[PDB]
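Visitor: Can you keep this structure in mind? I'll have questions shortly.
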Amino acid sequence: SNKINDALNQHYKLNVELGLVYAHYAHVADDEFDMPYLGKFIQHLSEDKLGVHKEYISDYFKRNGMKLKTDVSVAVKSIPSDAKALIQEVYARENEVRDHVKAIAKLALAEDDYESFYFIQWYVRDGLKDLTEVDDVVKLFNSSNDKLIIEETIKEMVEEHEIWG
Amino acid sequence: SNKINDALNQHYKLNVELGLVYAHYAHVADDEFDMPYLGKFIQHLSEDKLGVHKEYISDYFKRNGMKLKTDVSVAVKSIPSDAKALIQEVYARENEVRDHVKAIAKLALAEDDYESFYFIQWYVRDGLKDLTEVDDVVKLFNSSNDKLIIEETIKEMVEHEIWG
Amino acid sequence: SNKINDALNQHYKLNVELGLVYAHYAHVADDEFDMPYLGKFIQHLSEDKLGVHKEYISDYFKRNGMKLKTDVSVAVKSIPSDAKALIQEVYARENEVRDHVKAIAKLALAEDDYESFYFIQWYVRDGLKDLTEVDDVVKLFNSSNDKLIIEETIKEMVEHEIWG
Amino acid sequence: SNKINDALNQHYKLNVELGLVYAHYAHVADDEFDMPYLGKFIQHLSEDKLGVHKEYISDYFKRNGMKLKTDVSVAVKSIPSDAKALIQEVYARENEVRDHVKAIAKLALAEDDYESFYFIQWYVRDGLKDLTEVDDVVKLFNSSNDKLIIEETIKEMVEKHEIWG
Amino acid sequence: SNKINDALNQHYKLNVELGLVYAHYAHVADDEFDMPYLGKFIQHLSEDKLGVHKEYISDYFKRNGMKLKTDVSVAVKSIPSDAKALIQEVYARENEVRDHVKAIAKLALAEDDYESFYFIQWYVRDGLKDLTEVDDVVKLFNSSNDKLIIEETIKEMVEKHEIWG
Amino acid sequence: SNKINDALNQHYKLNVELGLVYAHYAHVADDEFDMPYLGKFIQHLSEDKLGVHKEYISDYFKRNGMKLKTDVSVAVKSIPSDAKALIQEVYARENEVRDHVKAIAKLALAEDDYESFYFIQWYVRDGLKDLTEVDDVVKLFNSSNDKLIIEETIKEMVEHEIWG
Ligand SMILES: [Fe+3]
Ligand SMILES: [Fe+3]
Ligand SMILES: [Fe+3]
Ligand SMILES: [Fe+3]
Ligand SMILES: [Fe+3]
Ligand SMILES: [Fe+3]
């Protein structure tokens with residue numbers, strides 16, 4: 001099939017681009033806002049976006065017979081003013097990734113292709129998992145104003161569910 | 001300093017682009033040319049390029065007080081015909097990386113900055129190490145013609161006092 | 001060579017005097033500002049200045065046959081008002097020893113003495129390491145004014161492959 | 001009390017200066033007289049004098065409420081002509097430190113300050129300890145004229161009591 | 001480069017020649033001066049020169065693409081008179097190879113070749129290490145007169161840093 | 001005695017020169033012909049010829065009271081065209097050293113000297129051992145056409161009561 005091929009290529013390029021953006025966000029969060037463990041958290045997110053999240057698509061292409069494209073273009077020009085807006089930008093990005101995955105799943109169900117449905121269940125789950133992992137950190141900035149308390153909390157976070165994991 | 005900052009940003013860019021291209025090459029060698037272990041070898045090169053090679057630059061920028069910029073662009077549309085041409089292409093990329101690092105090191109000695117020289121020693125070592133590791137594989141396609149023998153040798157490869 | 005000998009004697013006396021000053025600053029920080037873990041931090045810094053930082057100079061002199069000279073003088077009479085100014089003074093001292101070591105290394109290369117270059121690489125690295133260790137604390141006094149929180153952070157506080 | 005504070009500051013200064021001078025003597029004994037283990041021995045003495053012997057004074061000042069004063073100015077212009085005169089100079093320095101501690105102890109007991117008397121008992125003991133360990137090495141040079149047997153016995157001393165310990 | 005190549009070939013040649021002459025010196029020290037442990041010491045220097053000191057040059061040539069050359073010519077025709085002269089000869093040999101390596105490093109730094117500079121750092125360090133490890137043995141023939149004490153010393157030496165070693 | 005002395009000195013010199021030439025052949029075999037394990041093999045041979053094969057003679061001289069001489073002159077100019085001619089040249093050198101030691105043993109038995117005979121028995125045995133273990137690699141090149149197969153079996157080679 002070709003429509004599924006296009007959709008999965010799109011998700012592949014999206015994942016790579018978001019990985020790069022998250023890496024830059026983590027460096028600028030550690031270097032300027034003086035919150036190193038927030039940088040650690042976002043760096044873990046970027047490693048996860050650049051690793052299995054695209055290795056799985058590549059392996060599925062090798063496995064069923066589809067064809068792969070690569071064309072990436074990214075440039076970070078503006079940076080949010082403080083850490084709150086930065087974590088909220090990350091939140092919005094993840095929220096959009098969920099919508100993209102839902103579109104892919106609907107398409108796969110429409111073309112009478114059930115291998116792609118079984119394959120995309122994994123992303124359907126991991127999207128909600130990562131979104132809540134990010135929102136739990138977002139909710140810390142609505143609780144305290146001592147930056148070091150937030151630091152200790154995120155440190156304890158950095159240092160498995162049956163249904164969602 | 002400023003020249004060193006520019007050079008290190010350009011090196012960050014170069015490493016990111018190499019990593020992405022190597023990932024694509026490894027996929028196309030596994031899927032098309034019927035050689036999985038060559039694909040694993042190239043994929044591990046790609047993970048090496050996308051990991052510490054740039055994490056170190058980022059951490060050094062965090063330490064000494066320099067600025068970072070992220071600006072990437074890449075799209076492959078020219079792929080070789082067999083495996084030998086692919087591995088020779090990889091060889092050429094590695095050699096050019098070696099050249100660029102040499103130029104950075106000379107520039108660093110020119111500015112009387114010695115933390116930069118100390119930092120770049122690591123890349124000066126890793127360049128030749130990686131080039132030798134790739135040439136070891138390029139040598140195989142000139143010693144046989146049966147693909148499965150080459151594959152088994154590469155698998156056994158993927159299974160020094162100075163350079164390590 | 002005589003000029004490298006004079007530069008190394010300068011570095012020796014500088015380290016000794018810094019060690020004594022840091023010892024007194026640690027006592028003051030623990031006794032007058034009610035921050036014992038900052039005191040243990042500065043005490044570790046003073047021990048590091050009074051130990052290997054001069055052991056290695058004396059050992060090098062024993063090896064290559066250079067004369068040693070012990071002429072020191074220090075007197076601590078004016079101390080800052082609070083912990084922020086104290087840790088900022090520490091920061092400045094380290095930022096200056098960096099430049100001193102850089103001058104030494106340039107002089108070493110300029111007159112064709114390469115064993116001194118290989119020797120001074122150690123200090124070229126340790127300068128940036130110690131500067132980051134101090135800065136990671138000088139930037140804790142901008143995150144919060146609850147002094148006990150800073151104390152707990154320093155408590156939990158007290159290596160990179162390149163900058164080890 | 002001011003007399004005890006002055007005397008303890010003086011002793012702090014004295015210990016620091018002895019530490020530095022002993023460091024230089026250890027270097028010159030290793031480098032010019034071909035006796036590395038004599039250097040090890042004197043370097044051990046120097047590291048003692050620069051460590052606990054002033055660590056304790058500063059800590060006691062913290063405990064009871066006195067003030068500290070750093071004022072150090074030492075320099076080396078002259079050195080002995082052989083290892084014998086060197087170790088005899090070391091002996092003289094320790095011998096004087098004993099009398100300094102004795103004066104401080106008399107003063108401490110004259111002013112009804114018994115915590116400081118308890119404190120100075122430690123130095124009263126370690127004075128004789130260090131003096132006897134120095135004399136056990138200065139008396140070797142009255143037993144031989146071959147430097148290498150002295151080296152052997154000093155090595156077996158360094159590498160290897162209920163009242164005085 | 002051709003200058004780096006000629007210099008490194010010359011160093012290979014120097015190392016093999018020193019290995020041969022040290023081996024002969026060790027035999028003639030054990031047999032004719034009745035000093036077996038001095039013989040073992042010089043033998044270890046010999047095999048150290050004949051091992052890694054040239055294996056590393058051969059390996060660097062295999063890596064970068066230079067070519068090797070083999071040319072040896074050695075004849076030991078006049079041996080020193082006693083043990084003192086022998087140890088002084090080996091001292092001077094090391095003190096010469098030091099500035100040989102220094103000239104190589106100067107040349108490598110002058111020709112915009114940083115791989116070879118990084119390479120020769122190893123020899124820059126080992127030169128001084130071996131020089132001092134030999135000088136601490138030549139220093140023993142001034143300390144005593146009888147041969148067996150020197151023998152005991154060299155024995156406890158051969159029967160066992162962060163920057164230099 | 002003196003005849004045995006001169007013969008053993010000639011043998012000492014022979015062994016030294018063989019060891020050096022073998023080290024150079026090993027470098028050539030690894031670099032030009034692309035066969036690293038053959039290079040490791042010849043390197044083991046050279047280490048053997050430069051170690052015990054001569055320290056035994058020096059020990060014997062120490063023991064019975066003969067005198068030692070040193071005279072070495074080695075210069076390699078022409079190397080074979082490929083690995084087969086290389087290994088055959090090594091075979092010839094070994095086959096010659098066997099004859100040399102046989103002549104030494106005959107002379108030692110003619111002079112009615114029996115400690116020298118008892119000593120040279122070791123070389124009489126080890127010559128045949130080494131020659132067999134070189135011949136069984138020589139005949140690999142006359143049994144196949146691929147280089148990777150030969151290389152794998154030599155690798156496994158690298159990984160008796162009478163002759164041991
Ligand atoms: Fe995920
Ligand atoms: Fe690498
Ligand atoms: Fe330090
Ligand atoms: Fe003591
Ligand atoms: Fe060595
Ligand atoms: Fe043999």
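Each chain in the structure tokens gets a letter, A, B and so on, in the order shown; residues start at 1 in every chain, and ligands are counted from 1 in the order they appear.
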Give the residues close to ligand 3, within 9 Å, counting only C-alpha atoms and all ligand atoms; write them as number ranges by chain.

Guide: C: 45, 48-49, 52-53, 123, 126-127, 129-131

Visitor: Identify, on the basis of only C-alpha atoms, every residue whose closest approach to residue 47 (chain D) does not exceed 9 Å; exclude the query and any residue fewer than 3 positions from it along the same chain; express the result as a list in words.

Guide: residues 19, 22, 23, 42, 43, 44, 50, 51 and 52 of chain D

Visitor: Give the residues close to ligand 4, within 7 Å, counting only C-alpha atoms and all ligand atoms; write them as an MDAnalysis selection string.

Guide: chainID D and resid 48:49 53 126:127 130

Visitor: Please dump the current selection as an mmCIF file, in the first residue's frame; keep N, CA and C atoms.

Guide:
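Output contents, as saved in out_15.cif:
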```cif
data_model
loop_
_atom_site.group_PDB
_atom_site.id
_atom_site.type_symbol
_atom_site.label_atom_id
_atom_site.label_comp_id
_atom_site.auth_asym_id
_atom_site.auth_seq_id
_atom_site.Cartn_x
_atom_site.Cartn_y
_atom_site.Cartn_z
ATOM 1 N N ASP D 48 51.577 15.818 58.604
ATOM 2 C CA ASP D 48 50.985 15.897 59.937
ATOM 3 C C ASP D 48 50.857 17.343 60.394
ATOM 4 N N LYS D 49 51.972 18.074 60.408
ATOM 5 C CA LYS D 49 51.953 19.432 60.946
ATOM 6 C C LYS D 49 50.982 20.334 60.195
ATOM 7 N N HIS D 53 47.137 19.105 63.228
ATOM 8 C CA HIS D 53 47.649 19.991 64.267
ATOM 9 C C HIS D 53 47.063 21.395 64.185
ATOM 10 N N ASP D 126 51.509 14.439 72.129
ATOM 11 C CA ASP D 126 52.065 14.265 70.791
ATOM 12 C C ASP D 126 53.435 14.915 70.652
ATOM 13 N N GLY D 127 53.751 15.910 71.483
ATOM 14 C CA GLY D 127 55.096 16.461 71.464
ATOM 15 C C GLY D 127 56.149 15.405 71.731
ATOM 16 N N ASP D 130 56.297 12.739 68.799
ATOM 17 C CA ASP D 130 57.074 13.136 67.630
ATOM 18 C C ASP D 130 58.553 13.267 67.963
#
```

Visitor: Up to 9 Å from chain B, what residues of chain F turn up? Count only C-alpha atoms and give them as a ChimeraX atom specification.

Guide: /F:34,146-149,152

Visitor: Got time to write the residues from that selection, N, CA and C atoms, as an mmCIF file, in the first residue's frame?

Guide:
```cif
data_model
loop_
_atom_site.group_PDB
_atom_site.id
_atom_site.type_symbol
_atom_site.label_atom_id
_atom_site.label_comp_id
_atom_site.auth_asym_id
_atom_site.auth_seq_id
_atom_site.Cartn_x
_atom_site.Cartn_y
_atom_site.Cartn_z
ATOM 1 N N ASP F 34 46.869 -7.977 2.857
ATOM 2 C CA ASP F 34 45.549 -7.958 3.488
ATOM 3 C C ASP F 34 45.223 -9.292 4.157
ATOM 4 N N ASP F 146 40.161 -18.839 -2.255
ATOM 5 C CA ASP F 146 39.707 -17.654 -1.540
ATOM 6 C C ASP F 146 40.694 -17.278 -0.447
ATOM 7 N N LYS F 147 40.748 -15.984 -0.136
ATOM 8 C CA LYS F 147 41.654 -15.505 0.896
ATOM 9 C C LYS F 147 40.997 -15.503 2.266
ATOM 10 N N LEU F 148 39.676 -15.354 2.319
ATOM 11 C CA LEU F 148 39.003 -15.313 3.609
ATOM 12 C C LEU F 148 38.916 -16.694 4.242
ATOM 13 N N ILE F 149 38.835 -17.749 3.432
ATOM 14 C CA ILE F 149 38.817 -19.102 3.979
ATOM 15 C C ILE F 149 40.167 -19.443 4.599
ATOM 16 N N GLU F 152 40.409 -17.535 7.858
ATOM 17 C CA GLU F 152 39.685 -18.114 8.984
ATOM 18 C C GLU F 152 40.407 -19.334 9.536
#
```

Visitor: Residues at most 10 Å from residue 157 (chain C), counting only C-alpha atoms, excluding those fewer than 6 positions away in the same chain, as an MDAnalysis selection string?

Guide: chainID C and resid 37 41 133 136:137 151
